[PDB]
Amino acid sequence: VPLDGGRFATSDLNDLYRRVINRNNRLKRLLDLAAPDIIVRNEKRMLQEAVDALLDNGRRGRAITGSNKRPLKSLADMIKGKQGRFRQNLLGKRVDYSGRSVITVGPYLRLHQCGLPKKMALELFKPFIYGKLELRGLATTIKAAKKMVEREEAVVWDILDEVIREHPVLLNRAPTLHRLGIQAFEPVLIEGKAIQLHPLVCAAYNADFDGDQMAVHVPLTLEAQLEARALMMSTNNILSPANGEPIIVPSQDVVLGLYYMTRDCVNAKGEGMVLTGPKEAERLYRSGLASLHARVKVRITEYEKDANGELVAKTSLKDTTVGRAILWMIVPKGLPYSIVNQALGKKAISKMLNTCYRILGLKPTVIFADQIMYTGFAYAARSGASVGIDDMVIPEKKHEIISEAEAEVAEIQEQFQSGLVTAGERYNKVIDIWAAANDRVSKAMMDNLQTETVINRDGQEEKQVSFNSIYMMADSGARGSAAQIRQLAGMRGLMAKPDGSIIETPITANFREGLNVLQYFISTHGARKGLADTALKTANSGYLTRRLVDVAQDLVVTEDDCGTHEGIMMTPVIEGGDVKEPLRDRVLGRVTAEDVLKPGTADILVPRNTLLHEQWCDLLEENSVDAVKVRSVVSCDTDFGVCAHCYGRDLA
Amino acid sequence: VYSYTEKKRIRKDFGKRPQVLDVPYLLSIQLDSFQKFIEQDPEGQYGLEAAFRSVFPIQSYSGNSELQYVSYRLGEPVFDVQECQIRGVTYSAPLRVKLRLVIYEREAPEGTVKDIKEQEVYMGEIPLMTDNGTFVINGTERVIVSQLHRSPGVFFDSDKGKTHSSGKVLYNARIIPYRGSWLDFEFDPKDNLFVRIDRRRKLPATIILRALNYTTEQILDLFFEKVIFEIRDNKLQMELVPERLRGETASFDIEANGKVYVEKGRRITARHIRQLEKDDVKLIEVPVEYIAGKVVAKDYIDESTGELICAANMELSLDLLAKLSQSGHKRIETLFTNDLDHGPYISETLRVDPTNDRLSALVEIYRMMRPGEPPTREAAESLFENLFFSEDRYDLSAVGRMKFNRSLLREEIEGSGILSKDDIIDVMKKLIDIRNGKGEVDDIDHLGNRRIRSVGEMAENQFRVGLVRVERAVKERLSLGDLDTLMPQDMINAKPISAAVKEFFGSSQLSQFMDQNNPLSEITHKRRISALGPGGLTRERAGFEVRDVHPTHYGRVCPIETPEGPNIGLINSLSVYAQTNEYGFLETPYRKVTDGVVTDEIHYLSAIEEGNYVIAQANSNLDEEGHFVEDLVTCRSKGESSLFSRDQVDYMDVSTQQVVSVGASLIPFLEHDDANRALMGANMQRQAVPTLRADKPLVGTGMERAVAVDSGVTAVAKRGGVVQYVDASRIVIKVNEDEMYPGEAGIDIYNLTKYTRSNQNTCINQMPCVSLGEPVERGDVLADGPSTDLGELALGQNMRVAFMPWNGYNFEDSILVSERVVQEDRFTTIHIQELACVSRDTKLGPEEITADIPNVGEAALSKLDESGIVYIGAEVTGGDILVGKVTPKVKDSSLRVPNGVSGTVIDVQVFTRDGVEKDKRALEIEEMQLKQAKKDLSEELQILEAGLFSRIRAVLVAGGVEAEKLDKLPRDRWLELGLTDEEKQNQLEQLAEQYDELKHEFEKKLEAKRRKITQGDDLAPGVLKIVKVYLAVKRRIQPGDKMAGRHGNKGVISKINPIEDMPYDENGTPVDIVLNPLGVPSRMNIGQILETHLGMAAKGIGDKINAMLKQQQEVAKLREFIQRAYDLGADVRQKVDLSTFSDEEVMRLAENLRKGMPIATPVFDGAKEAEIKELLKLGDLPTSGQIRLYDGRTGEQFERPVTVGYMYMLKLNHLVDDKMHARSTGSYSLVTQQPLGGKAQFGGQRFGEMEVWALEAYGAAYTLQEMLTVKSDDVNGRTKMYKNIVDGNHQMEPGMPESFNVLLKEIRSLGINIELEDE
DNA sequence: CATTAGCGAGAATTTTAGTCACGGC
RNA sequence: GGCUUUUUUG
DNA sequence: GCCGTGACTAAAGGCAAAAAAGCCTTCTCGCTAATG
Ligand SMILES: [Mg+2]
Ligand SMILES: [Zn+2]
């Protein structure tokens, strides 16, 4: 390749070939004149070395290097290794019709659509614009259309909007950890120079809005378009292949808003009335005459599919809160009312959402999820939940507790002064003492924070769940855990040395108050170790992933039935105390290797070669079966494939 | 008391700890290092002198000719820093040395000088420190990080049995020289000692032991203890001491003098030892069978026969006893051999030694060093001698010698540069002691075993290597001796040394590309320590132990400031008060405490000594007399912190700040944040971007003035005085009569750079921040630099923030921004880009740059001049043309605008080679540059002859000429006025004699500037001329920027929102930034909440000052109010009385406070909540700091009051347009026919293999096939689809991946036959 | 006017698995 | 346009 | 005398992106250009 100027850039292969041909010609000319045999030995040996290096460098020994003082690339070098031809140009190759941008959240977008900058749309679909323009007769020649598109004419944006009505696009984030890393969408034109993305899928991508770069590709053929529309839409991906747990679980503020909805108070403005229906409740709240959450009785209607695929309604009165009545708007017909009458934490709602998918199918549940989106965001915005410096209520007793702590240690060290104890005994004593003090302080600060006093309707103090903001962030499960709450107001706890030992003196201070110099220094050991572990784990783990790909990349389902009865007995796991996992889940979604036998002799509870699901599992729960032998892939007989029944029910 | 520069705005601070030792010069580590490199050192122990003394003098092989060094000096630089930056030349100075040539007669006694010749000889160009302390190589600025490496010396490491199944602990000893070959000693699982050299094959240790002319007997004597046996009547007796009775079982009864002392059969007892030492018995009979396991210590031969009965290192038996008894060997010498105390490891190695004559040992060593070579005995001797005794091919340096002596408990700390036999013997003894439990192993991570290697040592080593090369060359030359034919300049070649130095400074693992996008990053990059580079670990070879923080890191390296990613724990920055020791070890300040009194005495303590004393805590309560107010205090002794009495304490930390680096120090309220988010915040603050207009942060650390002054980005008042003339580019300072020089004092001139390109396309601007006619003093701040205000660091802005969810626009981590922010342009920045065009001389006619361009419309030329250069100030757009460069075919290869970028042209620079005609545009730019230079020069003249003609008029007044005539007569006419008065004439005539000299030197310096400007610029070979264009672009905030806080709470802008829709309070003042509170508890970095609350406190005073200023109320009531604000606090060290301040000063301070009172905070002496609440009480804000709000969308009142305040918000160096790009169809790689990669090349994304598996996981097949074949490399097929898309048919074609064929040929390029099959 | 570079073109650390030599009863 | 070397984002 | 044993050696260690820099052997001489 010629660079600027008279110089020509040289490659390693050319230099090695030149060396080899020079030596070959030298030996040829020298041999034609019958030179002394001593010379030809050295020339032959050096030609052997040269051809060796050309075919492979550094393998035998000292490697030929150039002006860079580095080993020149060989033929084996070009084909082996990460920089080799395979892993950089056969299993992966840069492609056209692609773009890179930065993710930005968009609330108003529906589930099955994503944003897109105008510049990206124009650049990506320029090939599509030319054909449509000639079809509409705006321009005749390709060059004229090319001139038109760069001019940003009025018709250009209109035709672009016309041609990208339902043309699917593919979105992925490097690194693409799991198969959910690639999803299709129907783009919609927006302003700016950044891509707008639906919120829930961010949890699936494990992508936070911290500046992550996002990639766009575009399918071309009709087959590719229909393929993406039928498979890669978000609507068709709600249950992860990893497990049946839904992957569209709301997180953070949506959970916070929903929790703020369904939470009663002892007394509030506009409490104790009776309302015709949930529709009236919205009228009261917007007018502000009644508080968002107050215990009242409202007539509600629920539909049940208990009949043979038929919906039946009923009407009664319930003792619920206004907010729950508001939330009842978006609930579809099938779901019973009892599932939206609790505190509605993060665990419940997802589970609740799961229940919908168990009954109403797919379109009702995606519409339900979008409605949860909109309502939760609106009411969280109205909620005005904020964190303040006075929110971290410091426990009063904790202080003096630390005082009394010194007491016992003031004695324990004396035991070492008198020699009645060893270093290990004193170490274990102080470790246990500090652990007990930490537990006591944690319990006390839980007790002081989680509850509050408030006057009832009759003028007496009543105990209800406290409305301190941190408690709404914690108990709702939206973000954080009890460990974080302990770290905020309570004392930090024992701290670990780099090797693994524990410093005798724990961090008695908390983050709300100040920290002395040494304790902050001590805490850095664990933080630095965790950061290093996170930094170096992604290299080792991902490589492991690759080793799993090649071992099992030959497995494709080929035939429906293997026609064998061999299987593996399946029993719930037990360690001698509580069962780690019940027998229910681990046998779910499989088939019976042999028919289920009742404890009553000669009774067939379940026929052989039958799929298992919830309608059958409860029968096992009713009968309380100890174990069952089920079909597995390890026993299917068909070669070059896997029996369809052997793998059983597919997670997706 | 305060100087005038800070009287403009006094910033209140909290804190109760008085300061004892202020922050020193932040760059003292770097500059003062390189300083020690260039001056003339009479001691000859530093820099060039020390390097020369190690190479000079040199002698010939014949010994008749010699070369000596005399003296050296550094020539003056050709240009200054600005000219070198502009012209792209290395700011360097020539090296001048004086050499001595000596000749000795071959027919005369040694020392008889034949002839002498002294001559200055050119050595080359050495780069020099900038006043800021950087390097200039090719118009660019580079800095040298300080390498941290393993200290030369000896270490004893244990593998903890990791490599062995049984887990038996192995101890290995490593000696590492400063330069030379390494050396290792190990224990095998079989419990034997082995030696290895240069990480080579394991070899038995004793091979080298006898290699030093040691017999077996001497080795055994050195390594063991002697036991003596005496032959009595058919008996053997041994001289027993109680001390040697450790870990022994009494096989036979121990008795002497007929009395039984120790029982028979069982183990020894302590009481038996006590009774034996009480009896004091030495000699005791021993049974013969008890000696069945004893190895004879020495050799035994028979005098009569003359044959060897039994040599050393063989087990004895009863028959050997018979021979030694019959030969008269009554005394028998054996080894003590107590496995539990002195294991016989050496003897086992002796039992496996291949030879003993030391000649076959040298042969084996020779074969070991180089396999397959003739075992020449003298060659082996020479190799050993120059491998372990060479003065030059091996060296330990002074520091290595001191460490070696200290480790082996030696007293003297001075020694030679080579090793010794006693040294290796003592190393073996200590290794044996470690194996036996005596002593203890050392730690690699301890700072006492590591040192910092600054730029001075790097330069010294590289220069020494070059000098070694050149002296070998000149030795080879002088080997061909001559009868003084040559002059002592020809035999030397400056090319090797010059090339080595320049390449090391230019391209090296440590010569990183410095990034001065803002002063804080520049400072933290200058003070960075790296463990990479030569003689250090790599990015991958590093383990889990080096990355970890060590308990001795306290006060020396910041534990929380370091880059995160593939390299963690290796690029840790130096701490604040840290300085280097003379040997090269890190040391920290401490205060000596005597009799429970903390005086002001300051000591510097290294790492090792820190383990021998007791160290207190910085935030330890103290009285006014240095007494700890309570007897029980927290202190640390050795990696552990425990309670101690007030009398055991010896040293206390000087201040709280000495634990973090500057980057962490600038973080306010750090003491309430996690280490992780603190690190993230410091790292992000390092990546800040200059603001269009700097604004002081409301909450600060207190060292902002120090960091601003120390960094060389803001002009500082070199001398005190008053301002005379002011300009947006130039500053004129008239010095006072106190600081004026005795001769030619005059005044001082400062030039301010305007919009100069940085190293990351950021705008570097200098801002004059002083008024006319105001006094200045030494060390003040005169010109605000980028992101600087009144000598205070100011990176970002202060926004009205409110923690509240808002319709999900800040769903996960994003930030909502009101359009009011972009209305005021408070975040719009300036970016400067470079476009360069090169005109070389190729074939088909040289590259010609002219406005003549074929097949182009008049629109392209409309922005071009006749000379082919764009006019200054044109509004160029993307896709246009800047310079017209053509080559005859005519081929149009002219430079064009990069795609997708617009801007405005600012400056054009043209470089022309010497001897080449300069075109009209070059002549124009040259003439304006010369006019500017001469105007500046003539200005300095005008001032200087103003002074001297004022002196002339004063002289003529006294002489006799009336003062009125001097005023009336022409100014220049004063010189020619009659000199009739002799007494004054003696100086009146001299006045002209100096005026003529001054004008002549001005003329010659002006001509020098003119010829420098007209000088043809040096270029790369084959390059005729080049042209350079500056583009400048304004960037405004658009959705997608990377905008963050100071506590690691990063985020991305979501969507610009009209201000009417933002939340607002009862007063109607909107809030412009809406964060997401949910990120607080998870990040648990509660500090930012306190920061916001303190922010409210600042402006709680700010508005009130604006109130009186609007009402123009009386000064008196204002004066006390500001007085009341400062006095707030508990036992605050800082106190200010405004009574001394004048009314004008008070008014100026008040009006400068209109934007709010700044508040400082020490990192660990920060303010608590009580004073925050009290200060908020001084304002009219609620104590809880949670005011209600109203939504513009709804107009109602939120049920729960929320927190609002000002917070210091930063914009990072990540713009959407720098990352937003896409490719439809463009170029292709010539090799694989695949699309390229990179925005600059207009390439597309990379189809990651990870997502190839991910796509394959689904049922998706057609899309994968399309991605693989059509859009990647099928040049034969992708063309059809491109045509097919035009017709509207979205039909594909399978084809065959072109890149796959390539591989085939590659495999076909070997002796491997591969081919496809039939259908 | 007189002397000489010169370069253009040509040429001369961690971890694991596997294999191989010695040796032990 | 290939390689090398740094720096940075996730 | 064959299996055990230890000693020696080959091979890999994340994904994507950006931003910079700097190179592509070295020795030798005749007419043109650099130099005095
Ligand atoms: Mg992220
Ligand atoms: Zn099967």
# chains A, B, ... in the order shown; residues from 1 in each chain; ligands from 1
$ residues_around --residues "region 207-214 of chain A" --least-positions-apart "5" --cutoff "7 Å" --atoms "only C-alpha atoms (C1' of nucleotides)" --output "list in words"
residues 100, 101, 102, 103, 104, 172, 173 and 202 of chain A; 812, 813, 814, 1042, 1050, 1051 and 1052 of chain B; 10 of chain D
$ residues_around --residues "residue 14 (chain C)" --least-positions-apart "4" --cutoff "12 Å" --atoms "only C-alpha atoms (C1' of nucleotides)" --output "PyMOL selection string"
(chain B and resi 162-163+540-544) or (chain E and resi 12-13)
$ write_last_selection --atoms "N, CA and C atoms (P, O5', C5', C4', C3', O3' and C1' of nucleotides)" --output "CSV table (one decimal), in the first residue's frame"
chain,number,residue,atom,x,y,z
B,162,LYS,N,1.9,-23.6,47.0
B,162,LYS,CA,0.9,-23.6,46.0
B,162,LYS,C,1.2,-24.6,44.9
B,163,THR,N,2.5,-24.7,44.5
B,163,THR,CA,2.9,-25.5,43.4
B,163,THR,C,3.1,-27.0,43.8
B,540,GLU,N,-1.1,-7.6,31.8
B,540,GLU,CA,-1.7,-9.0,32.0
B,540,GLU,C,-0.9,-9.8,33.1
B,541,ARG,N,0.4,-9.6,33.1
B,541,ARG,CA,1.2,-10.4,34.1
B,541,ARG,C,0.9,-10.1,35.5
B,542,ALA,N,0.3,-8.9,35.8
B,542,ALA,CA,0.0,-8.5,37.1
B,542,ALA,C,-1.0,-9.5,37.8
B,543,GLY,N,-0.8,-9.8,39.1
B,543,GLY,CA,-1.6,-10.7,39.9
B,543,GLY,C,-2.6,-9.9,40.7
B,544,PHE,N,-3.1,-10.6,41.7
B,544,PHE,CA,-4.1,-10.0,42.6
B,544,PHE,C,-3.5,-9.3,43.8
E,12,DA,P,-3.4,-20.9,21.7
E,12,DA,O5',-4.4,-20.2,22.8
E,12,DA,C5',-5.3,-20.9,23.5
E,12,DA,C4',-5.8,-20.2,24.7
E,12,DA,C3',-5.9,-18.7,24.6
E,12,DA,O3',-7.1,-18.2,25.2
E,12,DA,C1',-4.4,-19.2,26.3
E,13,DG,P,-7.9,-16.9,24.7
E,13,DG,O5',-7.8,-15.9,26.0
E,13,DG,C5',-8.5,-16.2,27.2
E,13,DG,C4',-7.9,-15.7,28.4
E,13,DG,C3',-7.6,-14.2,28.3
E,13,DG,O3',-8.6,-13.3,28.7
E,13,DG,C1',-5.7,-15.4,29.2
$ interface_residues --of "chain A" --to "chain C" --cutoff "12 Å" --atoms "only C-alpha atoms (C1' of nucleotides)" --output "list in words"
residues 6, 19, 22, 23 and 26 of chain A
$ atom_distance --atom1 "CA of residue 1047 (chain B)" --atom2 "CA of residue 677 (chain B)"
6.2 Å
$ residues_near_ligand --ligand "ligand 2" --cutoff "10 Å" --atoms "only C-alpha atoms (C1' of nucleotides) and all ligand atoms" --output "JSON, numbers by chain"
{"A": [557, 558, 559, 560, 561, 562, 563, 564, 565, 566, 567, 631, 632, 633, 634, 635, 636, 637, 638, 639, 641, 642, 643, 644, 645, 646, 647, 648]}
$ write_last_selection --atoms "N, CA, C and O atoms" --output "CSV table (one decimal), in the first residue's frame"
chain,number,residue,atom,x,y,z
A,557,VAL,N,-32.7,-30.0,17.5
A,557,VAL,CA,-33.8,-31.0,17.6
A,557,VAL,C,-34.2,-31.5,16.2
A,557,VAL,O,-34.3,-30.7,15.3
A,558,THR,N,-34.3,-32.8,16.1
A,558,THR,CA,-34.5,-33.4,14.8
A,558,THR,C,-35.7,-34.3,14.6
A,558,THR,O,-36.4,-34.2,13.6
A,559,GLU,N,-36.1,-35.0,15.7
A,559,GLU,CA,-37.2,-35.9,15.6
A,559,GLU,C,-38.1,-35.8,16.8
A,559,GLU,O,-37.7,-35.3,17.9
A,560,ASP,N,-39.4,-36.1,16.6
A,560,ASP,CA,-40.4,-35.9,17.7
A,560,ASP,C,-40.1,-36.8,18.8
A,560,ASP,O,-40.1,-36.4,20.0
A,561,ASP,N,-40.0,-38.1,18.5
A,561,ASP,CA,-40.0,-39.2,19.6
A,561,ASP,C,-38.7,-40.0,19.4
A,561,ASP,O,-38.4,-40.5,18.3
A,562,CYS,N,-38.0,-40.2,20.5
A,562,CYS,CA,-36.9,-41.1,20.5
A,562,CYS,C,-37.3,-42.6,20.7
A,562,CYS,O,-36.6,-43.5,20.3
A,563,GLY,N,-38.4,-42.8,21.3
A,563,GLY,CA,-38.9,-44.1,21.6
A,563,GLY,C,-38.1,-44.9,22.6
A,563,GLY,O,-37.9,-46.1,22.3
A,564,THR,N,-37.7,-44.3,23.7
A,564,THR,CA,-37.1,-45.1,24.7
A,564,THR,C,-37.7,-44.7,26.1
A,564,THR,O,-38.3,-43.6,26.2
A,565,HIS,N,-37.6,-45.6,27.0
A,565,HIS,CA,-38.2,-45.4,28.4
A,565,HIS,C,-37.2,-45.1,29.4
A,565,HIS,O,-37.5,-44.8,30.6
A,566,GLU,N,-35.9,-45.1,29.1
A,566,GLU,CA,-34.8,-44.8,30.0
A,566,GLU,C,-34.9,-43.3,30.4
A,566,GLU,O,-35.0,-42.4,29.6
A,567,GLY,N,-34.7,-43.1,31.7
A,567,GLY,CA,-34.7,-41.7,32.2
A,567,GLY,C,-33.9,-41.6,33.5
A,567,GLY,O,-33.1,-42.5,33.9
A,631,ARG,N,-38.0,-38.3,31.7
A,631,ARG,CA,-37.2,-38.3,30.5
A,631,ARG,C,-36.2,-37.2,30.5
A,631,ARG,O,-36.6,-36.1,30.9
A,632,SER,N,-35.0,-37.4,30.0
A,632,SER,CA,-34.0,-36.4,29.9
A,632,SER,C,-33.2,-36.5,28.6
A,632,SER,O,-33.2,-37.6,28.0
A,633,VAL,N,-32.6,-35.4,28.2
A,633,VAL,CA,-31.8,-35.4,27.0
A,633,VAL,C,-30.7,-36.5,27.0
A,633,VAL,O,-30.3,-37.1,26.0
A,634,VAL,N,-30.1,-36.7,28.2
A,634,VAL,CA,-29.0,-37.6,28.3
A,634,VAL,C,-29.3,-39.0,28.0
A,634,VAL,O,-28.4,-39.8,27.8
A,635,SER,N,-30.6,-39.3,27.9
A,635,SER,CA,-31.0,-40.7,27.6
A,635,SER,C,-31.6,-40.9,26.3
A,635,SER,O,-31.9,-42.1,25.9
A,636,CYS,N,-31.9,-39.9,25.5
A,636,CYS,CA,-32.5,-40.1,24.2
A,636,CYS,C,-31.5,-40.8,23.3
A,636,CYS,O,-30.3,-40.5,23.3
A,637,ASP,N,-32.1,-41.6,22.4
A,637,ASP,CA,-31.3,-42.5,21.6
A,637,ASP,C,-30.9,-42.0,20.2
A,637,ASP,O,-29.9,-42.5,19.6
A,638,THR,N,-31.7,-41.1,19.7
A,638,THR,CA,-31.5,-40.6,18.4
A,638,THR,C,-30.1,-39.9,18.3
A,638,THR,O,-29.8,-39.0,19.1
A,639,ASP,N,-29.4,-40.3,17.2
A,639,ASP,CA,-28.0,-39.7,17.0
A,639,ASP,C,-28.1,-38.4,16.2
A,639,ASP,O,-29.1,-38.2,15.5
A,641,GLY,N,-28.7,-35.5,17.1
A,641,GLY,CA,-29.9,-34.7,17.4
A,641,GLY,C,-30.4,-35.0,18.8
A,641,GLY,O,-29.8,-35.8,19.5
A,642,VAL,N,-31.4,-34.3,19.2
A,642,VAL,CA,-32.1,-34.4,20.5
A,642,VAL,C,-33.6,-34.7,20.3
A,642,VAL,O,-34.2,-34.0,19.5
A,643,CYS,N,-34.1,-35.7,21.0
A,643,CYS,CA,-35.5,-36.0,20.9
A,643,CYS,C,-36.3,-34.8,21.4
A,643,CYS,O,-36.0,-34.2,22.3
A,644,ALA,N,-37.4,-34.5,20.6
A,644,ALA,CA,-38.2,-33.4,21.0
A,644,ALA,C,-38.8,-33.5,22.3
A,644,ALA,O,-38.8,-32.6,23.2
A,645,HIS,N,-39.4,-34.7,22.6
A,645,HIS,CA,-40.0,-34.9,23.9
A,645,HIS,C,-39.0,-34.9,25.0
A,645,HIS,O,-39.3,-34.6,26.2
A,646,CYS,N,-37.7,-35.3,24.7
A,646,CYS,CA,-36.7,-35.4,25.7
A,646,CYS,C,-36.4,-34.0,26.3
A,646,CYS,O,-36.3,-33.9,27.6
A,647,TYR,N,-36.3,-32.9,25.5
A,647,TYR,CA,-36.1,-31.6,26.1
A,647,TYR,C,-37.4,-31.1,26.7
A,647,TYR,O,-37.2,-30.2,27.6
A,648,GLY,N,-38.5,-31.6,26.4
A,648,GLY,CA,-39.7,-31.2,27.1
A,648,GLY,C,-40.2,-29.8,26.7
A,648,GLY,O,-39.9,-29.3,25.6
$ select_by_dssp --residues "region 471-533 of chain A" --states "alpha helix (DSSP H)" --output "list in words"
residues 471, 472, 473, 474, 475, 482, 483, 484, 485, 486, 487, 488, 517, 518, 519, 520, 521, 522, 523, 524, 525, 526, 527, 528, 529, 530, 531, 532 and 533 of chain A
$ interface_residues --of "chain B" --to "chain E" --cutoff "12 Å" --atoms "only C-alpha atoms (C1' of nucleotides)" --output "VMD selection string"
chain B and resid 137 to 138 140 to 142 188 to 190 200 to 202 503 506 to 508 511 to 515 539 to 542 566 759 to 761 914 to 915 1213 to 1216 1218 to 1220 1237 to 1240 1244 to 1251
$ select_by_dssp --residues "region 572-709 of chain B" --states "strand (DSSP E)" --output "PyMOL selection string"
chain B and resi 579-580+586-594+597-606+632-636+641-645+651-652+699-700
$ residues_around --residues "region 1060-1069 of chain B" --least-positions-apart "3" --cutoff "7 Å" --atoms "only C-alpha atoms (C1' of nucleotides)" --output "JSON list (two decimals) with N, CA, C and O atoms, in the first residue's frame"
[["chain", "number", "residue", "atom", "x", "y", "z"],
["B", 818, "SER", "N", -33.87, 22.07, 31.82],
["B", 818, "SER", "CA", -34.71, 23.12, 31.27],
["B", 818, "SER", "C", -33.97, 23.91, 30.20],
["B", 818, "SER", "O", -32.74, 24.04, 30.24],
["B", 1057, "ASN", "N", -36.55, 20.61, 28.05],
["B", 1057, "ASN", "CA", -37.94, 20.86, 28.36],
["B", 1057, "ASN", "C", -38.16, 22.36, 28.50],
["B", 1057, "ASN", "O", -37.34, 23.05, 29.12],
["B", 1188, "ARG", "N", -41.81, 23.08, 49.67],
["B", 1188, "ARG", "CA", -42.82, 22.58, 48.76],
["B", 1188, "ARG", "C", -42.60, 23.13, 47.36],
["B", 1188, "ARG", "O", -41.87, 24.10, 47.15],
["B", 1189, "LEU", "N", -43.24, 22.49, 46.38],
["B", 1189, "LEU", "CA", -43.10, 22.86, 44.99],
["B", 1189, "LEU", "C", -44.45, 22.79, 44.29],
["B", 1189, "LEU", "O", -45.41, 22.23, 44.82],
["B", 1190, "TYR", "N", -44.51, 23.36, 43.10],
["B", 1190, "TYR", "CA", -45.69, 23.31, 42.25],
["B", 1190, "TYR", "C", -45.30, 22.84, 40.86],
["B", 1190, "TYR", "O", -44.27, 23.25, 40.33],
["B", 1191, "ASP", "N", -46.13, 21.98, 40.28],
["B", 1191, "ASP", "CA", -45.90, 21.51, 38.92],
["B", 1191, "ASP", "C", -46.52, 22.48, 37.92],
["B", 1191, "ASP", "O", -47.69, 22.85, 38.05],
["B", 1192, "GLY", "N", -45.73, 22.88, 36.93],
["B", 1192, "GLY", "CA", -46.26, 23.73, 35.88],
["B", 1192, "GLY", "C", -47.34, 23.04, 35.07],
["B", 1192, "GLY", "O", -48.29, 23.68, 34.60],
["B", 1193, "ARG", "N", -47.21, 21.73, 34.88],
["B", 1193, "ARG", "CA", -48.21, 20.98, 34.12],
["B", 1193, "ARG", "C", -49.57, 21.02, 34.82],
["B", 1193, "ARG", "O", -50.61, 21.17, 34.17]]
$ interface_residues --of "chain A" --to "chain E" --cutoff "9 Å" --atoms "only C-alpha atoms (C1' of nucleotides)" --output "VMD selection string"
chain A and resid 7 to 11 66 to 68 173 to 176 213 538 to 543
$ residues_around --residues "residue 241 (chain A)" --least-positions-apart "6" --cutoff "9 Å" --atoms "only C-alpha atoms (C1' of nucleotides)" --output "list in words"
residues 179, 180, 650, 651 and 652 of chain A
$ atom_distance --atom1 "CA of residue 746 (chain B)" --atom2 "CA of residue 953 (chain B)"
17.4 Å
$ interface_residues --of "chain D" --to "chain B" --cutoff "9 Å" --atoms "only C-alpha atoms (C1' of nucleotides)" --output "PyMOL selection string"
chain D and resi 1+5-7+9
$ write_last_selection --atoms "C-alpha atoms (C1' of nucleotides)" --output "PDB file, in the first residue's frame"
ATOM      1  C1'   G D   1      -4.504   1.597   5.294  1.00  0.00           C
ATOM      2  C1'   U D   5       2.205   2.176  21.325  1.00  0.00           C
ATOM      3  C1'   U D   6      -0.545   4.746  24.634  1.00  0.00           C
ATOM      4  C1'   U D   7      -5.238   7.254  26.806  1.00  0.00           C
ATOM      5  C1'   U D   9     -16.035   4.970  27.645  1.00  0.00           C
TER       6        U D   9
END
$ residues_around --residues "residue 442 (chain B)" --least-positions-apart "4" --cutoff "12 Å" --atoms "only C-alpha atoms (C1' of nucleotides)" --output "PyMOL selection string"
chain B and resi 153-158+171-174+407+434+446-449+608
